[PDB]
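So the structure is just underneath, and the comments pick up after that.
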Amino acid sequence: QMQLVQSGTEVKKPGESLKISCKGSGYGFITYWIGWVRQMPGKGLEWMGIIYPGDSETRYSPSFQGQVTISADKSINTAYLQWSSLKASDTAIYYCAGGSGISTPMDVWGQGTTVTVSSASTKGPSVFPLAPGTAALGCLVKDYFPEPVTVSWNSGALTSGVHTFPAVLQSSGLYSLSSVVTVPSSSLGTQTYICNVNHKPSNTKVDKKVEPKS
Amino acid sequence: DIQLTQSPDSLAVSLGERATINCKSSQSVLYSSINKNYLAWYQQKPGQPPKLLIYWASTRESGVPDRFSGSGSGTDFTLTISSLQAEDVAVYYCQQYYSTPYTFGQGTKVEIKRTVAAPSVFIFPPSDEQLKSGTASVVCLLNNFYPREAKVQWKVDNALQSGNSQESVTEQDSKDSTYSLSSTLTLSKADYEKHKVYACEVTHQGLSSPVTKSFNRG
Amino acid sequence: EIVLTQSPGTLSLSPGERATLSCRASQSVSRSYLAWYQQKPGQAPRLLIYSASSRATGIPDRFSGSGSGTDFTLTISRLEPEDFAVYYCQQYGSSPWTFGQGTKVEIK
Amino acid sequence: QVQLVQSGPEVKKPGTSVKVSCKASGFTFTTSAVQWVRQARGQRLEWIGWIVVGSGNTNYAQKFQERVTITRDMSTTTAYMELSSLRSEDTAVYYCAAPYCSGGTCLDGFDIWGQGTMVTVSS
Amino acid sequence: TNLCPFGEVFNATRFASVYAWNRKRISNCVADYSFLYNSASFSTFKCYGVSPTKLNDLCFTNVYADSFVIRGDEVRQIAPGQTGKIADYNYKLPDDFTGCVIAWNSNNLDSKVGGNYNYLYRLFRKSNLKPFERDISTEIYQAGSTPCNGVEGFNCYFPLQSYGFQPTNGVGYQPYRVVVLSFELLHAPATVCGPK
Ligand SMILES: *[C@@H]1O[C@H](CO)[C@@H](O)[C@H](O)[C@H]1NC(C)=O
């Protein structure tokens with residue numbers, strides 16, 4: 001059937017252009033209208049626009065009339081969503097969905113591209129321990145940019161009872177995250193626990209042991 | 001412009017029970033040519049793109065189980081899940097493809113209705129390694145509770161704090177149908193050392209006495 | 001082509017005299033396609049009579065064309081200084097559309 | 001307003017080409033027609049030609065058929081008259097005229113007239 | 001095992017003009033739409049209301065295949081809500097259009113070195129066409145109020161204009177063959193089914 005592949009995640013600064021791509025491959029791409037939709041950090045799905053790659057027939061939502069541009073290259077079966085000197089309010093995940101007709105529901109969806117727009121720059125994370133019939137251990141990964149970070153416990157040894165909370169954007173423009181794990185509190189000094197965090201945007205790999213308080 | 005509003009914002013339905021979501025359009029979405037309502041229902045799970053659940057207000061997609069049903073005509077439509085499983089926990093949208101621009105619904109969040117579960121409350125003081133940077137951050141952990149609605153307050157020497165806290169909750173754990181919440185209170189090292197006792201007070205449906213986990217700086 | 005000859009060459013009248021023009025053709029011209037235009041010094045031609053004996057919108061009821069075949073005339077009842085201009089006949093039914101040489105009406 | 005705006009006057013050396021514009025406003029221009037006629041200062045009216053807007057079919061005079069070209073653009077409702085190889089006698093005012101069309105019908109005469117474009121040819 | 005005669009509309013050796021577009025009705029047959037894909041090459045394929053991928057799993061009461069020839073500049077006008085001379089005086093689709101419009105470049109078939117002037121299009125009309133209305137009148141368009149007694153001239157214009165397709169013309173002025181499929185599911189029982 002039909003498959004749409006989108007570009008990688010982009011991190012940009014306020015005031016720079018951007019062009020997200022959406023390449024189609026499958027049975028009968030000539031009939032598909034490609035539509036762009038936005039989803040901001042949170043719960044809303046907002047239809048941005050649609051375009052037919054045969055010609056250049058493009059229809060925009062009244063909320064995205066002069067803010068974005070929608071283009072298409074039929075030679076390689078691709079659609080494009082382009083900003084020029086975008087703002088910090090554009091940080092969101094953008095999906096492209098295909099419909100075999102204009103008034104046809106969006107049958108095939110893409111993977112979605114994450115656009116992160118911040119005046120901040122790439123900064124490695126700082127990890128801090130969170131020491132304790134059941135106790136709680138954890139790590140606090142603070143002051144990193146951009147998302148995401150991969151947090152495991154003992155290189156992946158234990159996973160049950162582990163809770164890795166979603167990131168939160170601080171006032172300084174950096175992100176904070178917490179990983180916790182519950183233990184029977186009877187083998188605190190018998191078993192060692194280490195947080196392994198990975199922030200590939202800065203190529204940082206931090207393994208920090210978390211011991212109980214003296 | 002056509003506007004769609006979904007009657008239930010949140011929907012807590014027990015395992016194996018019927019879940020109903022309503023969608024009310026501001027205009028008729030019926031085509032005279034084929035007498036079909038041009039409305040679709042989509043489902044998206046956390047982290048995945050939304051998949052087209054049903055189309056034409058009634059017709060099921062090639063790849064959907066029989067529990068997802070769609071009914072309604074004119075301006076009132078209903079999406080019904082017969083036997084809600086642990087896979088069905090997601091956000092459901094109703095959109096219209098009658099005319100441009102297209103409009104999505106508000107988004108109805110469904111969850112497995114679990115028995116009332118009290119949270120396990122823990123408090124974590126700032127590590128001595130974090131104070132070297134001149135900024136302290138005390139953490140409060142709420143583990144495995146239900147329902148999701150819980151209130152967390154910070155008290156520094158029995159003084160309520162606001163404007164310097166950040167909360168973050170996890171998705172519903174499909175095993176026990178519970179939630180976990182973490183609240184971070186950030187302070188300057190100078191302002192942190194000027195105080196003695198720090199406390200996290202949580203209130204939640206299922207608590208006799210609001211749980212207060214405290215610790216002194218010494 | 002269809003040559004349109006206007007008679008007389010010039011005229012001089014006073015307020016109250018019925019001024020009559022004439023514009024004849026070398027061949028028979030359809031009445032539905034012979035317009036009479038007015039041109040005052042400085043402005044563009046102003047369509048007085050279209051087809052034949054049919055006044056345009058805004059033209060006073062004093063201007064009246066009439067005729068057929070190879071003979072058409074234009075007549076004005078009340079002579080006011082607004083009627084001081086040149087008058088042209090144009091046929092637009094043949095292959096090349098021809099005008100008249102002009103009939104200057106120096107009203108005194 | 002339902003008027004016919006021509007282009008401004010231009011001065012051209014002998015042997016060059018001029019293109020007088022003519023834009024209509026206020027009435028349906030799709031089914032109308034535009035005729036071009038020149039007139040020297042104090043002389044007779046010399047009919048140049050005419051064009052149908054909907055089709056583009058043109059008819060010129062016997063003397064201008066080799067040096068004039070009448071075109072139109074419906075997207076902007078503008079008529080153009082291009083005259084080449086300007087000799088001394090071309091110095092005159094060039095008027096474009098069009099009938100009035102408010103609906104499907106039009107007027108059997110050229111009531112609407114442009115303000116006139118005086119083209120002067122000298123050294 | 002009766003297959004619908006969709007072929008006789010597509011690979012036909014002769015196509016009609018747009019002012020006199022051809023129409024063939026479809027009824028009591030199996031409509032297999034596999035030829036809409038992986039067959040020749042289509043420059044334009046715009047479906048409205050129906051998804052052709054599911055057309056094989058549907059049955060309709062009325063199916064109409066219209067066929068004509070236009071130029072590239074006008075293939076965008078074959079759509080609901082379009083304006084211009086083609087959408088007003090030649091071929092108009094209703095607002096609730098539920099079908100498909102396919103178009104392919106036919107510059108190798110409908111173009112001669114001397115210019116093909118057999119493909120005409122209507123130029124003037126009293127009013128706009130209603131959806132799916134054909135007009136083939138050759139009466140001189142009486143633009144004014146004076147009667148045009150079969151003679152052209154001022155306010156008397158011929159209603160049909162020739163395209164004049166030439167091989168050296170740009171792609172926007174090259175001949176495109178257009179076939180419009182229209183599906184209607186009315187109170188009558190459906191007979192134009194697909195392989196289900
Ligand atoms: C067109 O296609 C039909 C159906 O496949 C076939 O019967 C007919 O012979 C074809 N005509 C030509 C000229 O190829």
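Sequential numbering from 1, following the chain as shown.
Note that Cβ sites are derived from N, Cα and C of the backbone, with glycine treated the same way.
The Cβ of E:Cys4 (disulfide bond) has E:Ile26, E:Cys29, E:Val30, E:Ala31, E:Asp32, E:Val63, E:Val192 as same-chain neighbours under 8 Å, each 6 or more residues away in sequence. Summarising the annotation, Swiss-Prot assigns disulfide bond to E:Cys4-E:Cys29 (among others) and lists experimental evidence as the type of evidence.
The disulfide bond annotation in Swiss-Prot covers E:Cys47-E:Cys100 (among others). Taking a C-beta cut-off of under 8 angstroms and a sequence separation of 6 or more, E:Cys100 (disulfide bond) has the following same-chain neighbours: E:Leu36, E:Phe45, E:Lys46, E:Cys47, E:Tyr48, E:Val50, E:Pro52, E:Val180, E:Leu181.
What Swiss-Prot records for E:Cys59-E:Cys193 (among others) is disulfide bond. DSSP gives E:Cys59 (disulfide bond) a strand state.
The disulfide bond annotation in Swiss-Prot covers E:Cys148-E:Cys156 (among others). Its own atom aside, the Cβ of E:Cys148 (disulfide bond) has 18 Cβ atoms within 10 angstroms in the protein chains shown.
Under the heading N-linked glycosylation site, Swiss-Prot lists E:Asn11. Listed in sequence order, the residues of the same chain lying 6 or more apart from E:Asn11 (N-linked glycosylation site) and placing their CB within less than 8 Å of its CB: none are present. Secondary structure at E:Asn11 (N-linked glycosylation site), as computed by DSSP, is coil.
Taken from Swiss-Prot, the feature region 'Receptor-binding motif' covers E:105-176.
Sequence annotations record features per position, and here Swiss-Prot assigns region 'Immunodominant HLA epitope recognized by the CD8+' to E:116-124 based on experimental evidence.
Annotation source Swiss-Prot lists region 'Disordered' at E:123-158, citing a curator's inference. Here the region 'Disordered' (E:123-158) has long-range neighbours at 19-21, 23, 64, 85, 88-94, 182, meaning same-chain residues at least 6 beyond its ends whose C-beta is under 8 angstroms from one of its own.
Put simply, E:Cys59 (disulfide bond) is 49 Å from E:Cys156 (disulfide bond) when counted between their Cα atoms. On a Cα basis, E:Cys59 (disulfide bond) lies 50 Å away from E:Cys148 (disulfide bond). A count of other CB atoms within 10 A of each Cβ picks out E:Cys47 as the most crowded of the disulfide-bonded residues E:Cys47, E:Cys59. For E:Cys193 (disulfide bond), the number of other Cβ atoms no farther than 10 Å from its own Cβ, over all displayed protein chains, is 16.
In the vicinity of ligand 1, defined as a Cβ distance under 6 Å, the following of the recorded positions E:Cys4, E:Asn11, E:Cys59, E:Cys148 are placed: E:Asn11. Secondary structure from DSSP puts E:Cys148 (disulfide bond) in coil. Chain A has no C-beta under 8 angstroms from the C-beta of any of the recorded positions E:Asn11, E:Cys59, E:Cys148, E:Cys156. In the three-state DSSP scheme, E:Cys4 (disulfide bond) is classed as coil.
The number of other CB atoms found within 10 A of the CB of E:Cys156 (disulfide bond), across every protein chain shown, is 18.
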